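Chemist: Pasting in a structure now, in structure tokens, and then I'll have a few things to ask.
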Amino acid sequence: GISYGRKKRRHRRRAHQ
RNA sequence: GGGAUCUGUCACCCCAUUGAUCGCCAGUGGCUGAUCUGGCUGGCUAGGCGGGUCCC
């Protein structure tokens, strides 16, 4: 029906770790 | 071999596409599926692997 996430269109951000 | 730190690599969450590009649909809303940037002053005693350093 509806996704749990509010938007969930961008993620991944830890290249520098 | 273990622990800590850094880097690289592999995933997740939130916000911005009235930030840019591609694809589908449509008169402008939705979809991250890919890449980049900003917020790590955000969550790594939240995870795995490799290398360097230090310690044992």
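Here, A, B, ... name the chains of the structure tokens in the order displayed, residue numbers run from 1 inside each chain, and ligands are numbered from 1 in the same displayed order.
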Return as a PyMOL selection string the residues belonging to chain A that are within 8 Å of chain B, counting only C-alpha atoms (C1' of nucleotides).
Modeler: chain A and resi 8-12+14+16
Chemist: Next, dump the selected residues to file, keeping only C-alpha atoms, as a CSV table (one decimal), in the first residue's frame.
Modeler:
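Final file, again38.csv:
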```
chain,number,residue,atom,x,y,z
A,8,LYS,CA,13.8,6.6,0.6
A,9,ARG,CA,15.3,8.0,-2.7
A,10,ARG,CA,18.9,8.7,-1.6
A,11,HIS,CA,21.3,6.9,0.8
A,12,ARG,CA,24.9,5.7,1.1
A,14,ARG,CA,30.3,6.7,4.4
A,16,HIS,CA,35.4,8.4,4.2
```
Chemist: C1' of residue 35 in chain B to CA of residue 7 in chain A: how many Å, to one decimal?
Modeler: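 A separation of 19.6 Å between them.
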Chemist: Tell me, in Å to one decimal, how far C1' of residue 42 in chain B is from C1' of residue 20 in chain B.
Modeler: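 The value is 25.2 Å.
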Chemist: What is the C1' of residue 26 in chain B-CA of residue 6 in chain A distance in Å, reported with one decimal?
Modeler: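 Those two atoms sit 23.0 Å apart.
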Chemist: What lies within 12 Å of residue 19 in chain B using only C-alpha atoms (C1' of nucleotides), ignoring chain neighbours under 4 positions off, as a PDB file with C-alpha atoms (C1' of nucleotides), in the first residue's frame?
Modeler:
```pdb
ATOM      1  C1'   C B  36      28.328  13.284  -8.096  1.00  0.00           C
ATOM      2  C1'   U B  37      27.958  17.098  -4.198  1.00  0.00           C
ATOM      3  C1'   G B  38      26.282  19.067   0.859  1.00  0.00           C
TER       4        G B  38
END
```
